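Below, in C-alpha cells: the form solved without 5-bromofuran-2-carboxylic acid, a single chain.
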C-alpha cells in the first residue's frame, strides 16, 4: 500500500561471525514486534535466507532487509552474512546502518568475524553497537557467559566503541522464534525468551539515537543492489544519505562507469509501500526509467544532477592491521593493488607510495596516494577499508582528492 510516516525511522541490522544466529534473530524480531504492532509482517527464517544459493550453501549470502517497529520508532533492518567469503556484502549492509546488532554465540564466544565485523562496521560509519548474546539456551555455566560478555566488551574497546557501555542482551533467538510460532499473539510478559527480544528492542529504541539527517543538501543515495521487477523495470535499492527524491526527479548515476548518465525516477518504495517522497535515512527502492540492470550497479550513487564529481585519485591516511588483528603477516610496496571499500562501493585501487617510502609494514600508520581503476563518488574525510586476497588488511580515511 502507501507508506505512512508516523514515527522516526532508524536503520539497524545484524552482524557477527558465521552461524552465531543473526538471521534467526532477525526473524524473531519481526515475530515479537508483530504481536504488539499489526503493521509488522512476520518474516520466517526461510523468507530471509531465501535465495537458492543460500539454501544450497546453508549460510546467508545476500543482505536482506526486513521491517519492524516498536511504539517509539520505525526500523529497517539489514541482515548481513557472517561467512568470511562474503565480507563484501556485509560491508554493503553495514554501510546502511545507523546502529548494528552484534550477535555473538554464548557457546562459542567472539570469533574472527566477530572482530572483523566490528572493525568494518566502523569503517563504513556505524556509530553505535548493541550486543545480542545468543544461544544462552546452550550454556549452563554463568561464568562462561560472563567471560563471553567480558571478551566482547573488550574487543569493542579495541576498535574504539564504548565497549563497557554497550547494552549486552542475553537470550535465545531460536527459542523466542519457536514461542512466537506456537503463539504468534504472544505479548510481552508472557514468556522469558520473547521478553529477551523485548529487552533487545528496548535497548535499540533507547541506546541507538535517531541520526541527524540533512534533507536540504543535494540528493544522494549510495546504490546497494539492483534488480529487474517484471512489468515495472530496473530498481536500485539503498539508504538515502541526504536530501530528498520524488517520482519525476531527474537523477544521475555516478561512478564505476566511464560516463555519468541521467535517468528519471519513476517510483519510490520503502518495504513495498509507496513513498510520495523518499528522504534522508529512508531505506528505499527507486524505479529508474530507461536503464537496464546492466546500467546501474552496486557502488554507484544516485545523485542530484551535477552535485557530485566522481574521482579516481586521492591521498589517504592509512592504518595497516597487524597479523594479530586479522591482518596480513607481511607488508606491501608501491604497485600493491588491493580492494577499496567506500560506503557500498568496492573498487580495485593502486597504492602509490611517496619517494623514500619503499615499504609499508603491518601495524604502520602511513600516508600514500591511491589510484582507483574506476571513478567513485569520493570526498575528504570519507573512511574506507582495504582488503586483498579475501582478508582485511587496513583501514583508512581520504585526506585529499587529486583527480
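Numbering follows the first chain given and starts at 1.
Omitted here: the form deposited with 5-bromofuran-2-carboxylic acid bound. The next part is about that form.
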Q) Okay, which stretch from 153-161, 227-235, 201-209, 311-319 lines 5-bromofuran-2-carboxylic acid in the deposited bound form, with non-hydrogen atoms inside 4.5 Å? A) 227-235
Q. So which of 220, 91, 286, 223 reaches within 4.5 angstroms of 5-bromofuran-2-carboxylic acid in the deposited bound form, heavy atom to heavy atom?
A. 286
Q: Just give me the single entry in 97, 180, 118, 268 that has a non-hydrogen atom within 4.5 angstroms of 5-bromofuran-2-carboxylic acid in the deposited bound form.
A: 268
